[PDB]
Amino acid sequence: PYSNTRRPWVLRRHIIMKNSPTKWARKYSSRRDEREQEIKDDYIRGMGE
Amino acid sequence: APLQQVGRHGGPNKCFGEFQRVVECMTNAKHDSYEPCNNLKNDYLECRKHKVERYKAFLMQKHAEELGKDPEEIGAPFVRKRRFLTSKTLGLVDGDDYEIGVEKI
Amino acid sequence: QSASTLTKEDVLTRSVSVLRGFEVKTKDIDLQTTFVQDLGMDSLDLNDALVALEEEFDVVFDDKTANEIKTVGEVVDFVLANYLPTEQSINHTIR
Amino acid sequence: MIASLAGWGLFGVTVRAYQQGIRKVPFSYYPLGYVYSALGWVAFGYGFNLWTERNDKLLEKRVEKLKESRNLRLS
Amino acid sequence: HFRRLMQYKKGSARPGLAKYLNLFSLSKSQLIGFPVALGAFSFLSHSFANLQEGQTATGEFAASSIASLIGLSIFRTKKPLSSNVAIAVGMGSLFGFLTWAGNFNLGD
Amino acid sequence: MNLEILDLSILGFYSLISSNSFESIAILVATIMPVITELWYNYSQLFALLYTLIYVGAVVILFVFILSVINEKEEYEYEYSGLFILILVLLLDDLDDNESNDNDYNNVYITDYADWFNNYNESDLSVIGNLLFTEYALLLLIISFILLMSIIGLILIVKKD
Amino acid sequence: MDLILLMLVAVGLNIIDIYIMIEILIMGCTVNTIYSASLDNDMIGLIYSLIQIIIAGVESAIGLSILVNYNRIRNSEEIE
Amino acid sequence: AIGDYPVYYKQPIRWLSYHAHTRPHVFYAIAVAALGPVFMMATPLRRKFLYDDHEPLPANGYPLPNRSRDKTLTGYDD
Amino acid sequence: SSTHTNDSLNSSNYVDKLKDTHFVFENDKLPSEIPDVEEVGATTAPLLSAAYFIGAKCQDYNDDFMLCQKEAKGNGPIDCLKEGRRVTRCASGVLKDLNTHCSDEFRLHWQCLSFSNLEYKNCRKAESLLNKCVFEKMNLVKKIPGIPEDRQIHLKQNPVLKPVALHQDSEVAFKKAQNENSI
Amino acid sequence: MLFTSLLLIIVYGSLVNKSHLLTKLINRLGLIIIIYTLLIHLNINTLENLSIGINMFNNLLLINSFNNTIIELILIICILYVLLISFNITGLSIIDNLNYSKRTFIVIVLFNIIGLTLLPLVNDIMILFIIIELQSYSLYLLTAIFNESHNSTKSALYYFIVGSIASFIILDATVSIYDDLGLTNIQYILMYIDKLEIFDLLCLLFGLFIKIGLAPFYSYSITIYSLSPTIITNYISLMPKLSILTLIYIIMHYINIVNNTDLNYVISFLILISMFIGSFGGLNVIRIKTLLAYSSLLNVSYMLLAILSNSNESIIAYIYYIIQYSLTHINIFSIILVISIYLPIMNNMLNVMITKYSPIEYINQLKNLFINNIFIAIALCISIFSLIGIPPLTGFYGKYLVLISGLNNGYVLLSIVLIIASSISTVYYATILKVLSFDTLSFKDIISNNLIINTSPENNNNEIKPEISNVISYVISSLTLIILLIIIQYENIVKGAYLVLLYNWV
Amino acid sequence: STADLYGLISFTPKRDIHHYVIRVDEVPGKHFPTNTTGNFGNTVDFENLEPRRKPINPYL
Ligand SMILES: CCCCCCCCCCCCCCCCCC(=O)OC[C@H](COP(=O)(O)OCCN)OC(=O)CCCCCCCCCCCCCCCCC
Ligand SMILES: CCCCCCCCCCCCCCCCCC(=O)OC[C@H](COP(=O)(O)OCCN)OC(=O)CCCCCCCCCCCCCCCCC
Ligand SMILES: CCCCCCCCCCCCCCCCCC(=O)OC[C@H](COP(=O)(O)OCCN)OC(=O)CCCCCCCCCCCCCCCCC
Ligand SMILES: CCCCCCCCCCCC(=O)OC[C@H](COP(=O)(O)OCC[N+](C)(C)C)OC(=O)CCCCCCCCCCC
Ligand SMILES: CCCCCCCCCCCC(=O)OC[C@H](COP(=O)(O)OCC[N+](C)(C)C)OC(=O)CCCCCCCCCCC
């Protein structure tokens, strides 16, 4: 069985429950995603050697 | 040392071994810096999220799209309804396409 | 929050407007305008005006004051001294 | 160390004397209070001296390792 | 601004809510002046930095004072011009001092 | 067809139009129910029942407090809103529902490989109790200490004498 | 839509409505913890989730008691 | 003192009688609760007089023999 | 334990709908460099009935396979392929013997388990006949390690917990052996 | 000692009859408990042994030399606070009986002391959430201990809501860290300090910044401190800062490992705003407790500059500043409670209403203190001049050490701003001194037979009856001279701060 | 002497992601409440554990 690992719909659609300092950073701030994309980019760049 | 990453049956889960090897590397006296343990940290984070492997899957799907390859020709067959895991799909000799019973085991 | 926001001029201005809705003799009303003589109010007409003035300022004249008030200015003085805002619920103030 | 404890006892007399002015009483009011106050801060002064003497020993031992660390940096 | 309008419509008979909404409320000129002043500040700060090959307190003083004056002329129309110049000089001097001190930290 | 989206949209619509305190406690019930049902499927059946066991008892105590405080304020206070603007607000919030911006993490599916090494299989609640009473017994005792403080705290705040 | 602080309109105009908002906000953190623990197959996170439920229940009781006494004080003459 | 409240440290037996008569919901609830730990302290007596404890259950995974692998093992080969 | 996972079938199709579960098949076999093996074809009930007979017959191969896993240092699935095939063949041999020597007794036992929620305590009569037949034809004895020989629960004469509903085939077969075998 | 003795006090208080005398004697029992707790803690915990750091209770708690010093400070300051409720502060029943009215006063304090001491020791995100709520809940109960007071219950309602939001932010930060890493122990998290979102720890600090009244969340703190009774404001405005600031220093110590410059700027931005509001905010106020609330905000900003730098000099600066500020905080509130006996009695314009909960509520109620009690007035003047930073008082060395850490780490902007803020705040500090003494020569030939102290009956007209009780006057005398005469022992005290190590070693 | 003393103490040694203090003295996982032998992913042998990093006590 292959399935998604996304958060519950209530966590990302409730008018109140989805608002927090960390959830806003995940949703609107690219600081986390830009840094984690480096690890993904390092994978391809380390093939040729 | 407190227990972390405990499986649903009281034992270590899938990613405890990665976490344990990180702790052993960090607390080992022979090391001068934490640089040798950097690769072990990536493996533990890869065990939980699989972000690099999902990225690899993203490239393969995108690469096949530009080549014109059909997803059903190079992918893996799958069934979306559990009641339709029929004996014909399972390859049984006398396998029929009638739905299987999943109401009450 | 719970404090009077009235002024002598505003109270007098609204007092005149209320008294001009009746059949008073004169429309020129000031502090020294007497109910009995200048306005020509009898026992029941005066009490009708006093209750009407009570409704405007959300105040209640006591028995002694209402049975001895003579001029409009005394009504103005009573309203200024005794008026209070009605207490609100807990949600109105702290929220 | 007697001079040190004499100073601490002098400080205790000052605290009691300053207390008398706060309470608005003559400075001779209940003279036994100065004896209690002086001995209280003498006990604090005896403990304070042990704290400082102990701290001097600890500082010297740490300084030795700090000098070794500085020598590696200056090389 | 639109969200705060909904809060006004959610209830207008509660004095406590109205008092705090009035403090955060901005006039129409402010809603227009503020983005223009900040936008002008961003442009002039970057434009002056490129001229000098680096950020200086002189450029930040000029960028802050001019941008503040541009903004002040929008939402502070009912004031003397010299009054807006004095505030623009004051605002520009503060950010010039900010750059002179090395922003929030000297770093390396 | 994810019907959880429709339920949350209905719940969100009434949140913006709720006026009295009774409609607010009804919002709370209309919030726990989607949480419990979405927990009952997918992730964790154990905590779906735990949420029902604990929060439903809190709701009733919350409700009985409302009966002692309602003071006619919202039975005649006017609200303006507007049907068009309320739908526009909900429509714009519906546009963005991606809580995370790791597209690979959200679009690529993963599987786990089961193993037979755990011949001793028990429920997750037993493992939680095994660790809570042995590994983290201090947390359990401090929680009881907090519960003791609440019992004393409630009495001193509420009791007249 | 979150950055314009849209949730400030979804909260009602009563003191008890603020209490309900806090319970929902804390409940969102617990749901997230259960989401992470279930994926990781980590019972430590489920221990954290249970603690968050118990602690949040204590918070509601203390806040309600303060609000109960606050409402009591205004209606406290009781001359009758 | 025909019906006085006994002092616990002076008449412990009479003090217990007061609560057993006037507060039955307290005296006997504690009495039932006390027997729990009491039986727990009597466990060593049962360990020596009645029977011994059971062998611990093999709830720790597969029992691995504490020895090196047998390199001389064959059979069922390819 | 009915906790939902990503490794097996969940409780209901609503869980699949929320997870968007795809039941994925692979049409590729093991590479030719790995020698082929014949997989065990016994279902749950026969395996539970023959669990102690597989352990008795294939104890050294079970231990060797498990010792390979521990000594592989994380590379168990790949390194211990050779040891895995020994266990599969040995386990298959036990089931093959049960179908050639004790088929009537073997089938009586695991059909009782299917009739009684797969609980050992509810099929003592059928198990006793099976245990006797296996010992007399295969020299294999059920043993529960860690306890004295006479304190084994399957040999208990008067168990506290007994099946609610008797299995008629087990009752008839048990009586046929009581009078005949023990004259 | 604390936990075991607390249970005994809880049962004993509910058994004995309700009376003011028994409550006061029970308060003295709580004083003995804290004194015994201090003796036990000093017997087993030493600075040298704890330098490395020792884990406790399955690594859920971690105690080091830095943590141990604050715990000893917390116990000592709590001892001085219990003296207020364990003894007379004015000697008048109409005033002093408020402290003896609530029996659970000592019980709630003992609950909070356990939370205060354990908070800097937290080594797990789970126990961090548990302890921070244990401390927060105890503060709400103490704020609402006078449940017959409209302001006390209103403040506690405000305190509960603001703190609960901060607790949610703290919980939200810890949960987000668990999602990224899957670990709950801080030391395990430190292994991945370079691979977790470091701004999630900034979310954790934001929740902690709310609980200490930092800007822009300052508003609720000023409102609560002014409305709450002086005996309650004295505790809730100082004790939470003793533990949370220590925990913030530890968290900032871990954050500086990766040295995120963006993280420092955000904290610098909040410190800059707090100095502006802390200085200009108190310029136009008429309440003394409102003035002290702005003073509290400004001084916390000064300590946060040392915390933000997080260097060897920061340990010396923070430890010294927190100790001397607490002593000054106790001294000022001790004097405020006592001097209520010099208030004139009416026998009116502005219809000023003064309640029994806060007898001293306005700055001008301190008028003619130079004449009423010259020794108490000078003691207040010494304390105020310490807050200003006049050398060689304790306050100057606190700001002197903070400036050293700030300028050494390159915070030139904050160091200059903190000195401009100090000059601005001197204006309202000097206003207190103006009220005390600037009218002495005109009111020297005045008659005051209407003061509160004048209502106290005399014993025999021959006994020399002091106006102030022995205990509270002695505490003021001791604290005043320690602030004044710190130059005598300043060198040795800093040497003690030299030995307080947070994983420095070498 | 005083200037030399203050220079030693006031010097803050550089910390980075390669050199910092972690207060863990043992490797976890030697014993689990149940099912200690899982998928054999625990490769850390406690019978041949190398000496752990020890904390430095400058006063000893
Ligand atoms: C867009 C969202 C809202 C903006 C963010 C606000 C929150 C962050 C600011 C931190 C301070 C929080 C202050 C409380 C929040 C402000 C709420 C507010 O906007 O109220 C407006 C207030 C009243 O304005 P008023 O004109 O009297 O009423 C309007 C009626 N038409 O007007 C005010 O007085 C508010 C200003 C308070 C003073 C803050 C000053 C901070 C320090 C600034 C200078 C920095 C000091 C260092 C300078 C040198 C630096 C190098
Ligand atoms: C469960 C089956 C039996 C119940 C079915 C009742 C259906 C009514 C709507 C159920 C709640 C859906 C979500 C809405 C949140 C609560 C909002 C509310 O106050 O109830 C809606 C009801 C509609 O009447 P209306 O006049 O439009 O609203 C007042 C306008 N000033 O206005 C009212 O105040 C009437 C309230 C009646 C009592 C309802 C108590 C709450 C019921 C919750 C049980 C279902 C749980 C939520 C399921 C949907 C989740 C989105
Ligand atoms: C030689 C010795 C020198 C010693 C002194 C050195 C410093 C001198 C400072 C000079 C500037 C202040 C003097 C002039 C200001 C006069 C203020 C004023 O006239 O009114 C206030 C003004 C609004 O004007 P209005 O109230 O209408 O008055 C009628 C004017 N026709 O209100 C305003 O518009 C002012 C602008 C709004 C407030 C801005 C605040 C931002 C921060 C300002 C700097 C504060 C820095 C503090 C740093 C520590 C705290 C962070
Ligand atoms: C009406 C009153 C007005 C004011 C009058 C003032 C008179 C002063 C009295 C004389 C005092 C005296 O003689 O002090 C001398 C003694 C003995 O010094 P030592 O043991 O050698 O210490 C070494 C001194 N070095 C370093 C200068 C060599 O020090 C004391 O006891 C100090 C008293 C405590 C001061 C407060 C700071 C320390 C607090 C510790 C806990 C935080
Ligand atoms: C070994 C260390 C401790 C010192 C030994 C003495 C302890 C106190 C017991 C004596 C009895 C007593 O305190 O009696 C109470 C006295 C007198 O008070 P009064 O106002 O005159 O009472 C009025 C009585 N008439 C009517 C007879 C006049 O108070 C004092 O003198 C206050 C000073 C307390 C002692 C000093 C403590 C210093 C601690 C500071 C260190 C940090």
# chains A, B, ... in the order shown; residues from 1 in each chain; ligands from 1
>>> residues_around(residues="residue 18 in chain C", least_positions_apart="6", cutoff="8 Å", atoms="only C-alpha atoms", output="JSON, numbers by chain")
{"C": [49, 52, 53, 56]}
>>> residues_near_ligand(ligand="ligand 1", cutoff="9 Å", atoms="only C-alpha atoms and all ligand atoms", output="MDAnalysis selection string")
(chainID E and resid 20:27 91 93:99 101 103:104) or (chainID J and resid 215:219 269:270 272:277 413:414 417)
>>> residues_around(residues="residue 41 in chain D", least_positions_apart="6", cutoff="9 Å", atoms="only C-alpha atoms", output="PDB file with C-alpha atoms, in the first residue's frame")
ATOM      1  CA  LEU D   5      35.027  39.479  61.166  1.00  0.00           C
ATOM      2  CA  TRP D   8      31.397  42.309  59.465  1.00  0.00           C
ATOM      3  CA  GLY D   9      30.377  42.857  63.082  1.00  0.00           C
ATOM      4  CA  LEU D  10      30.745  46.597  62.521  1.00  0.00           C
ATOM      5  CA  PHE D  11      28.440  46.275  59.504  1.00  0.00           C
ATOM      6  CA  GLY D  12      25.875  44.486  61.666  1.00  0.00           C
ATOM      7  CA  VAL D  13      25.906  47.342  64.170  1.00  0.00           C
TER       8      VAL D  13
END
>>> residues_near_ligand(ligand="ligand 2", cutoff="8 Å", atoms="only C-alpha atoms and all ligand atoms", output="NGL selection string")
:F and (6-15 or 17-20 or 22-31 or 33-34)
>>> select_by_dssp(residues="chain E", states="alpha helix (DSSP H)", output="ChimeraX atom specification")
/E:2-10,15-24,28-51,57-75,81-100
>>> interface_residues(of="chain G", to="chain C", cutoff="8 Å", atoms="only C-alpha atoms", output="list in words")
residues 13, 14, 15 and 71 of chain G
>>> write_last_selection(atoms="N, CA, C and O atoms", output="PDB file, in the first residue's frame")
ATOM      1  N   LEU G  13     -17.684  37.646  19.828  1.00  0.00           N
ATOM      2  CA  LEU G  13     -17.511  38.866  20.614  1.00  0.00           C
ATOM      3  C   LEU G  13     -17.894  38.670  22.075  1.00  0.00           C
ATOM      4  O   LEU G  13     -18.469  39.563  22.703  1.00  0.00           O
ATOM      5  N   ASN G  14     -17.584  37.505  22.639  1.00  0.00           N
ATOM      6  CA  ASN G  14     -17.803  37.229  24.050  1.00  0.00           C
ATOM      7  C   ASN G  14     -16.518  36.688  24.660  1.00  0.00           C
ATOM      8  O   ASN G  14     -15.647  36.164  23.960  1.00  0.00           O
ATOM      9  N   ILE G  15     -16.404  36.832  25.982  1.00  0.00           N
ATOM     10  CA  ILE G  15     -15.210  36.363  26.681  1.00  0.00           C
ATOM     11  C   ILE G  15     -15.063  34.855  26.533  1.00  0.00           C
ATOM     12  O   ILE G  15     -13.962  34.343  26.298  1.00  0.00           O
ATOM     13  N   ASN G  71     -18.035  36.729  37.009  1.00  0.00           N
ATOM     14  CA  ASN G  71     -19.466  36.949  36.833  1.00  0.00           C
ATOM     15  C   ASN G  71     -20.198  36.973  38.168  1.00  0.00           C
ATOM     16  O   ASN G  71     -21.216  37.660  38.305  1.00  0.00           O
TER      17      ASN G  71
END
>>> residues_around(residues="residue 87 in chain B", least_positions_apart="3", cutoff="10 Å", atoms="only C-alpha atoms", output="PyMOL selection string")
chain B and resi 84+90-100
>>> interface_residues(of="chain F", to="chain K", cutoff="7 Å", atoms="only C-alpha atoms", output="list in words")
residues 117, 118 and 120 of chain F
>>> residues_around(residues="range 115-130 of chain I", least_positions_apart="4", cutoff="7 Å", atoms="only C-alpha atoms", output="list in words")
residues 45, 105, 106, 108, 109, 111, 134, 154, 162, 163, 170 and 174 of chain I
>>> residues_around(residues="range 76-83 of chain B", least_positions_apart="2", cutoff="6 Å", atoms="only C-alpha atoms", output="list in words")
residues 85, 99 and 100 of chain B; 22, 23, 24 and 25 of chain I
>>> residues_near_ligand(ligand="ligand 4", cutoff="9 Å", atoms="only C-alpha atoms and all ligand atoms", output="NGL selection string")
(:D and (1-15 or 17-19 or 21 or 41-42 or 44-46 or 48-49)) or (:J and (323-324 or 375 or 478-479 or 481-493))
>>> interface_residues(of="chain G", to="chain I", cutoff="9 Å", atoms="only C-alpha atoms", output="ChimeraX atom specification")
/G:38-39,41
>>> write_last_selection(atoms="C-alpha atoms", output="PDB file, in the first residue's frame")
ATOM      1  CA  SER G  38       1.588   8.099  13.701  1.00  0.00           C
ATOM      2  CA  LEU G  39       3.748   8.481  10.584  1.00  0.00           C
ATOM      3  CA  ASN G  41       5.519   4.960  14.417  1.00  0.00           C
TER       4      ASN G  41
END
>>> closest_residue(among="J:68, J:226, J:326, J:185", to="chain G", atoms="only C-alpha atoms")
J:185
>>> interface_residues(of="chain A", to="chain F", cutoff="10 Å", atoms="only C-alpha atoms", output="count of residues only")
31
>>> select_by_dssp(residues="range 14-73 of chain J", states="strand (DSSP E or B)", output="PyMOL selection string")
chain J and resi 54-56+61-63
